[PDB]
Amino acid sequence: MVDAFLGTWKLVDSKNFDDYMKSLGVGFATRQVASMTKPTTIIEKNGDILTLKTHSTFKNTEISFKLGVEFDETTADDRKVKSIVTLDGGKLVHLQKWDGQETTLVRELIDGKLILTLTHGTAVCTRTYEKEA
């Protein structure tokens, strides 16, 4: 179900990421470096466990989860959240909850590119990844 998302992906476009980070309370210096960073995202499965790595010259993260099963997560900006990832309309939807707040990280495939839409508050960021061979 999740197989077309699997592999290694490289950031090739970013819109409104500063808006998104600022909504989350990320400090100006972190936003400044992040705005010039191009992460690599690696999505792997082993049975129904998915592992999603984000690698960069600035911050690295890694999460493992089962679709539809809540997990604890500590984000790149150091939020401690309750998370769930599910498939919805063919999109990989990651919902994070903390302190009554929520953010969604939605991944979809369009013309072979991986489009990540990040929403928090009114901020909507779109980041595009292309697949590495």
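Numbers for residues come from their place in the sequence shown, where the first is 1.
Enquirer: Determine, for stretches 69 to 77 and 104 to 112, which one has the higher mean CA B-factor as deposited.
Expert: Stretch with the higher mean C-alpha B-factor: 104 to 112.
Enquirer: Among the modelled residues of this chain, does the Cα B factor of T57 put it in the lowest, middle or highest third?
Expert: For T57, whose C-alpha B-factor we compare with every modelled residue in the chain, the answer is the highest third.
Enquirer: Can you tell me whether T40 has a C-alpha B-factor in the lowest, middle or highest third compared with the other modelled residues of the same chain?
Expert: It belongs to the middle third of the chain when residues are ordered by C-alpha B-factor.
Enquirer: Where does the C-alpha B-factor of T86 rank in its chain, lowest, middle or highest third?
Expert: Middle third by C-alpha B-factor.
Enquirer: Name the third of the chain's ranked CA B-factors that contains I63, choosing lowest, middle or highest.
Expert: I63: CA B-factor falls in the lowest third of its chain.
Enquirer: When the deposited Cα B-factors of this chain's modelled residues are ordered and cut into thirds, is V93 in the lowest, the middle or the highest one?
Expert: For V93, the deposited C-alpha B-factor lands in the middle third.
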